[PDB]
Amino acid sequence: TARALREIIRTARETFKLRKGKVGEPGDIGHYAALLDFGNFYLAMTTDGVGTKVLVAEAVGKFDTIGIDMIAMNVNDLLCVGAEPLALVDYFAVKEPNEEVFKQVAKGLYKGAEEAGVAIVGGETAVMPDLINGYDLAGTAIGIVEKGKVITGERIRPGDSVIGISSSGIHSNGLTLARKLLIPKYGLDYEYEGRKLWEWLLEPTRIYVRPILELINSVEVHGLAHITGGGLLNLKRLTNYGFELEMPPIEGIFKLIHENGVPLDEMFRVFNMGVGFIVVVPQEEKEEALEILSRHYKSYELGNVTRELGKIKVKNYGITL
């Protein structure tokens, strides 16, 4: 996947000169959102989809929260440059204009937008049954960050505290491995800790806008990472320094996947393993940061930034990424 993308990223970088010295001049590609220079402030913009989570929603006739996943995926990324989310458009590529599916999608769109503080300002509906085997929901979000208040991770230093905010569950990454591994063996109706497998797989992605905007307005923040594709590897997008981490107990759907033979190092690169968002703050700000985040969701002191460049050591599981 990354080797195929090389040609597109290189070409994209060549277009940057088109907006040189002009409104909207961009930063580099590779971070959680693009930054566009509008003088006093940057506009941040990111585009992200839900993934094959939508195939579970279809089987049980419940798209009621898939719009939450879409909104969460986009606005949580905007947070990772320090931006306040403002607006979103949605791209709905569908096999058919199913009024039942669309009515369900609409319910979660409002719930998500209110929690994220964004207006849904437009969108695109593409009915292409020869191209789409289902209902693929994506979107694009923009937000604003003042010049001088971008948070890319360049301020991360060894000794910084690393704090994790609990995920609500599987979120929207790793669904293809989980679907292929569990559904044929167990059935979608398989009951695990009092909920059906489809409920574990469909649990809507958590939205972190309110705790993170409160955090960055109260304490000095050096890095912010939304845990999506790549798992804990997303931390290396913030800094060259290493991490020493104690990850929380493996529970819920992650335990079920693990007990079905996925190696532990693979799942910390694929699933969020209970931690959906990670923040990096100076050690002296650790307790206030935890107090702020713990108002909103269960949060963990995970560990510390080290001088072991490039390594992520999950000490309590004996895994090094």
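The numbering used is simple: start at 1 and walk along the sequence shown.
Averaged over CA atoms, B-factors in the entry run higher in 283-291 than in the other of 283-291 and 270-278. According to the PDB record, 154-162 carries the higher mean C-alpha B-factor of the two stretches 228-236 and 154-162.
For the set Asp130, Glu193, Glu84, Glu199, the PDB entry puts the maximum C-alpha B factor at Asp130.
When the C-alpha B-factors of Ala34, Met70, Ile257, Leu55 are ranked from the entry, the top spot goes to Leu55. For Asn304, the recorded CA B-factor ranks within the middle third of the chain. Only modelled residues enter the ranking. Among the modelled residues of its chain, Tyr110 has a C-alpha B-factor that falls in the highest third, as given in the PDB entry.
Among all modelled residues in its chain, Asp136 ranks in the middle third by Cα B-factor.
Residue-level temperature factors show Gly174 in the lowest third of its chain, judged at the C-alpha atom. Placement of the Cα temperature factor of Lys22 within the chain: highest third of the modelled residues, per the deposited record.
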